[PDB]
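First the structure, in the form of structure tokens, and then the observations on it.
There are 2 protein chains.
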Amino acid sequence: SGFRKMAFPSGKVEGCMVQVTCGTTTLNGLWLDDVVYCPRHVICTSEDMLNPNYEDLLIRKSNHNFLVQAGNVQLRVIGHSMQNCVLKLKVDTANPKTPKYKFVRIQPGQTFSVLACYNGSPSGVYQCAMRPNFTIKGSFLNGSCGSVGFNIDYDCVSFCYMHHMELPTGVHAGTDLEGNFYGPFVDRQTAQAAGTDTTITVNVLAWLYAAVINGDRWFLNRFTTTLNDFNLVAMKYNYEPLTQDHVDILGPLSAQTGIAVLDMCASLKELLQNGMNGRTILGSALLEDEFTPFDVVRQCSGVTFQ
Amino acid sequence: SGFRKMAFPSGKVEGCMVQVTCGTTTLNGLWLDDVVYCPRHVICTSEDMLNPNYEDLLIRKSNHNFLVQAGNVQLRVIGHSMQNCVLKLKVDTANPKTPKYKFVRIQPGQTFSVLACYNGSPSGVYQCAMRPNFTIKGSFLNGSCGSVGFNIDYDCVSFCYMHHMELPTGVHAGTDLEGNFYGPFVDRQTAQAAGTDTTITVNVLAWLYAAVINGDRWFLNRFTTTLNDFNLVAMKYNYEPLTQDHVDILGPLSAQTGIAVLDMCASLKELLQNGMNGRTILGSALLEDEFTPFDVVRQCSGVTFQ
Ligand SMILES: *[C@](O)(C(=O)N1CCC1)[C@H](CN1CCCCC1=O)NC(=O)[C@@H]1[C@@H]2[C@H](CN1C(=O)[C@@H](NC(=O)C(F)(F)F)C(C)(C)C)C2(C)C
Ligand SMILES: *[C@](O)(C(=O)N1CCC1)[C@H](CN1CCCCC1=O)NC(=O)[C@@H]1[C@@H]2[C@H](CN1C(=O)[C@@H](NC(=O)C(F)(F)F)C(C)(C)C)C2(C)C
Ligand SMILES: [Cl-]
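Keeping their order, the protein sequence lines are chains A and A'. A prime marks a further copy of an entry chain.
All the letters of the first sequence, read from the start, carry residue numbers 1 to 306 under the deposited numbering.
All the letters of the second sequence, read from the start, carry residue numbers 1 to 306 under the deposited numbering.
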């Protein structure tokens, strides 16, 4: 037993990271097949980044302006194009360590692993959720741009995030691997604000199930509720609405524990109204909303990723 | 910026995990060079595990009783010996993916990454601390025995933990890679108790520095204290004594932030006496003691692990 914030194993992604340099800007790229993908602001000086014209910077560049390194090997670039906010560099060598992979655009409330990299080299791995306001709460220093977010599905890496920037509040914003931002952000160094955040209700319920599985059961009550009556109460605490889709997704936890979803909702309703009454759940004094139902099943049933 | 519980990248370890089977007991092993290391209770039936005689079980086994698989390949075992609570299996094939490595015995208060595995296959990665009572708070289901804990130092994996069991309180116990337990536990299915835990003071101070680096500064006060006077107060809250060694180790954080260690101790003293006054630090309502000073520098300066 036990419950921990767990990242996917990172090996399959570690063998795809390279260092991309253009002029004196250096960041990370992801080498899959004969293509390297990286943030397009690799073509900016830091002054350009205050107000960039990427198309105009890119025309002035040729293949030879891009230095791509994988450990000791330089990779000769033989083509380039821009897709939204991502730069695609065609190279003369396919990556032999390319895993089976897909590009995916994730939904608010879904989690992924981040492999934080500096100079093409992996530094660490952690879990993030895509917030309802389309930001993530990560850990990224200078050089971390181009670090990617991902999920593993057996042998297949789904890439879902590439890191670009940090907002004035300290949270993080990036793109899918087709270079489309999550949320209304642009790759320019100017003040921009995220929407106010909300709590991912389905994820709090999945954590309450994890808690029960792990023996923490003091918050369980004898009541049920209706979806409608739960959403009316929760709304005021800035919880996002729970839909019937979410109820269906929680069904496996429900069946594993023998506690109906609307029985758990009745427990959560009382926690929001009354507080935690000087008690913890899974060691935490606050409700946690960054585990998906899948994360809980994965961890509290034992699913692995060849 | 940002601060997250971060694991080392797991690739170097992922290529060392194999599945070991003996009879109808299956668990994980670590394949380095031509040796596989695994928990010795792989030779037990579940009935044996209630009260095992490992030496007597092992004499009855020969090399051919051990089935070791790496993905599709079976590895023929050509020798076996027991070292404390670990079983060493000599195999006919050296692991070509063996990283530079060392075996290390860690101290209470030190952190490591755990690669949780099932059937030789990696499931996930997380950070743990070795508690002062020599347990860890992990996440381990049936099949997870033989999962290892580790640190990376540039290119070198230091292996420090191999998972064996879970205690009646839900916390976890294991051995170093020479098969010596951390703490007074034995590999037998019988009631055993950990010492009462204590809080790792140096780690709470390193987290307070992380917090300051990340802009959370409300708990900073204008006072200093003496090491002696801090330890007198903290003792009563079941904080472990802060030594001059610990002060020296915190020096880098101190210099990065310009806040003397005994200035921070004066802040921590007031937090213990007065409480957190309905405020959080780095998002947490409780003090966190599972980041080492090194973890903080690593994450809030950007160190990577080729
Ligand atoms: C990223 O550019 C990078 O790693 N490198 C460029 C060469 C190496 C860098 C990553 N990073 C470092 C600063 C702390 C957090 C972080 O994500 N990203 C950036 O510096 C982007 C980049 C410029 C400005 N920028 C920002 O993140 C900035 N934010 C903003 O201006 C705002 F949107 F949030 F308001 C600063 C945090 C630097 C102020 C691009 C947006 C193109
Ligand atoms: C480990 O044996 C394993 O993964 N496998 C055996 C074949 C696959 C297993 C891992 N595990 C599964 C149960 C939940 C937590 C956990 O660590 N470890 C064990 O089952 C050990 C093993 C027996 C008994 N054991 C225990 O962990 C037990 N604990 C105790 O008896 C006590 F020390 F804590 F009191 C139980 C949790 C199973 C009660 C060995 C000690 C040899
Ligand atoms: Cl908390």
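We put the CB at the ideal spot given by N, CA and C, even for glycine.
Those residues that bring their Cβ nearer than 5 Å to a heavy atom of ligand 3 are A/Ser284, A/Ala285, A/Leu286, A'/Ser284, A'/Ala285 and A'/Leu286. Counting C-beta atoms within 10 angstroms of its own C-beta, A/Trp218 has fewer than 16 neighbours from the protein chains shown and is therefore classed as exposed.
With contacts defined as CB atoms closer than 8 Å, A'/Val77 and A'/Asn63 qualify as a contacting pair. Beta-bridge analysis with DSSP links A'/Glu166 to A'/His172.
Judged by pairs of C-beta atoms under 8 Å, the segment 204 to 218 of chain A' touches the segment 278 to 298 of chain A', as three or more such pairs exist.
Around the C-beta of A/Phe103, fewer than 16 other C-beta atoms lie within 10 Å, and the residue is accordingly described as exposed. A'/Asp153 sits in a strand when the DSSP states are folded into three classes. Of A'/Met6, A'/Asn133 and A'/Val157, the smallest CA-CA separation from A'/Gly15 is found for A'/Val157. In this structure, A'/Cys145 has its beta carbon less than 7 Å from a heavy atom of ligand 2. Taken atom to atom, the span from the alpha-carbon of A/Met49 to that of A/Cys38 is near 16 Å.
Taking 9 Å as the Cβ-Cβ cut-off, the segment 1 to 22 of chain A approaches chain A' at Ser1, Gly2, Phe3, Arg4, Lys5, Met6, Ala7, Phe8, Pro9, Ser10, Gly11, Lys12, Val13, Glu14 and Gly15, given in chain order.
Shortest Cα-Cα distance from A'/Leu177 to any of A'/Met82, A'/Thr26 and A'/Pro52 involves A'/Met82. Contact fails between the segment 170 to 185 of chain A and the segment 257 to 277 of chain A, because fewer than three Cβ pairs, one in each stretch, are under 8 Å apart. Cβ neighbours of A'/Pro252 within its own chain (closer than 8 Å, five residues either side excluded): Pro293 and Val297. When 7 Å is used as the limit between beta carbons, A'/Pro122 is near these residues of chain A: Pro9, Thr304 and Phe305, in chain order.
For A'/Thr26, the shortest separation between its Cβ and any heavy atom of ligand 2 lies below 7 Å. Annotation: A'/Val18 to A'/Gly143 spans about 12 Å, alpha carbon to alpha carbon.
Counting C-beta atoms within 10 angstroms of its own C-beta, A/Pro168 has fewer than 16 neighbours from the protein chains shown and is therefore classed as exposed.
The three-state reading of DSSP puts A'/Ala191 in coil, since its state is none of H, G, I, E or B. Between ligand 1 and the CB of A/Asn142, the shortest heavy atom gap is smaller than 7 Å. For A/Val104, the three-state secondary structure derived from DSSP is coil. Within the segment 195 to 274 of chain A, the complete alpha helix (DSSP H) segments of 4 residues or longer fall at 201 to 213, 227 to 235, 244 to 257 and 261 to 274, listed in chain order.
Under a criterion of Cβ atoms nearer than 9 Å, the residues of chain A adjacent to A'/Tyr118 are, in order, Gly302, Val303 and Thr304. In the DSSP assignment, A/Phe66 falls outside any alpha helix (DSSP H) and within the unbroken beta strand (DSSP E) covering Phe66 to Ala70. Identification of residues in the segment 127 to 145 of chain A having a C-beta nearer than 7 Å to some C-beta of chain A' yields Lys137, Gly138, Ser139, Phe140, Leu141 and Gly143, given in sequence order.
Per DSSP, reduced to three states, the secondary structure at A'/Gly278 is coil, with no helix or strand assignment. Per DSSP, A/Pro9 lies in no alpha helix (DSSP H) and is assigned neither H nor E. Short of 8 Å from the beta carbon of A/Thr226, and not among the five residues preceding or following it, lie these beta carbons of its own chain, in chain order: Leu262.
A Cβ of chain A is located within less than 8 Å of the beta carbon of A'/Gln299. As summarised for the segment 76 to 137 of chain A, the continuous beta strand (DSSP E) elements at least 3 residues long and confined to that stretch are 77 to 83, 86 to 91, 101 to 103, 111 to 118 and 121 to 129, given in chain order. Under the Cβ criterion of 8 Å, A'/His163 is not counted among the residues facing chain A.
The C-beta of A/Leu75 comes no closer than 8 Å to any C-beta of chain A'.
Listed in chain order, the positions of the segment 30 to 50 of chain A' with a beta carbon within less than 7 Å of a beta carbon of chain A would be empty, since no residue qualifies. Contact annotation, A/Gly183 with A/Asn238: C-beta distance approximately 18 Å; criterion of less than 8 Å not satisfied. Between ligand 2 and the CB of A'/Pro168, the shortest heavy atom gap is smaller than 7 Å.
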